[PDB]
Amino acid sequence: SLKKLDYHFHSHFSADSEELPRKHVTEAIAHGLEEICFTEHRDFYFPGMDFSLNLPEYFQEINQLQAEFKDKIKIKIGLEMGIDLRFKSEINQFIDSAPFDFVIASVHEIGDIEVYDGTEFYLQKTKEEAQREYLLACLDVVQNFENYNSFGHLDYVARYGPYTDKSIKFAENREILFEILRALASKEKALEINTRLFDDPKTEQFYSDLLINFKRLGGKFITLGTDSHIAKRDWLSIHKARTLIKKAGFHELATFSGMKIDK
């Protein structure tokens, strides 16, 4: 059975969350989670909004919670790092500046245009065009950046936009997704199963396809996260994800300490 965990969530330390870290912990304990990893935002020179992170304060707060809740739950201190290859050396300096336990690499903007509701990213672009541009940027990151553990939300582009049906289909992006999955596998990176959109059967179908093909292409490591910016979680969505992961033939989730896989 898979370790009960959440490896992607945000508290007031992130620019777009105002949640109490203690509340994530008490919610996690009430559900019976064995391990959690805070993954606060850092994105360099982000368009329209600063995603900065106060490392002294962040580490101090979580370090206190680790001590207080030591006997009840395992707590890790991680990072969701927005990647843009233009800032690779600055990004690497930041990641190397503190002893993060776990790092997610995510694409949140492309060419200083944010991928989000109401931005220029989706303007006069078909959903297929938007999906292709987003996945090409992800592939670029996987090919040229190595300082992370797991690749965040491949379906991110399907959260937003003006389309009636925002879903992403594996079949319509098969070649690029194969390239991404194989590159992750060969570099021994984890694939993140992100439960944000799991209320939608089409999201389940997409991740099921991701999982089965990752396995086919040599994938070993899977991380699981809610992406919750508040403490209240959608546990049904998490349970649905856990079922897919097991069904696809993964018998363990990957956990990390100081960015090294736990044995």
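Residue positions are given as counts along the sequence shown, with the first one as 1.
Student: On mean C-alpha B-factor from the PDB entry, just flag whether 15-23 or 246-254 is the higher one.
Tutor: Per the PDB record, 246-254.
Student: Averaged over C-alpha atoms, is the B-factor higher for 114-122 or for 141-149 in this PDB entry?
Tutor: Mean CA B-factor is higher for 114-122.
Student: Which of these has the highest Cα B-factor in the record: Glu40, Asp43, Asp200, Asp227?
Tutor: Reading the PDB entry, the winner on C-alpha B-factor is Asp200.
Student: Quick one: which of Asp101, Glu80, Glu188, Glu109 shows the highest Cα temperature factor in the PDB entry?
Tutor: Reading the PDB entry, the winner on C-alpha B-factor is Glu188.
Student: Test of reading the entry: by CA B factor among the chain's modelled residues, which third contains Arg174?
Tutor: Answer is highest: the recorded C-alpha B-factor places it there.
Student: When the modelled residues of the chain are sorted by Cα temperature factor, does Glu129 land in the lowest, middle or highest third?
Tutor: Within its chain, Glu129 is a highest-third residue by C-alpha B-factor, going by the deposited values.
Student: What third of its chain, lowest, middle or highest, does the C-alpha temperature factor of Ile36 fall into?
Tutor: CA B-factor rank for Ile36: lowest third.
Student: What third of its chain's C-alpha B-factors does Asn194 belong to: lowest, middle or highest?
Tutor: Bottom third by C-alpha B-factor.
Student: Can you tell me which third, lowest, middle or highest, the CA B-factor of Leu211 falls into for its chain?
Tutor: Its C-alpha B-factor, which the entry lists for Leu211, ranks in the lowest third among residues of this chain.
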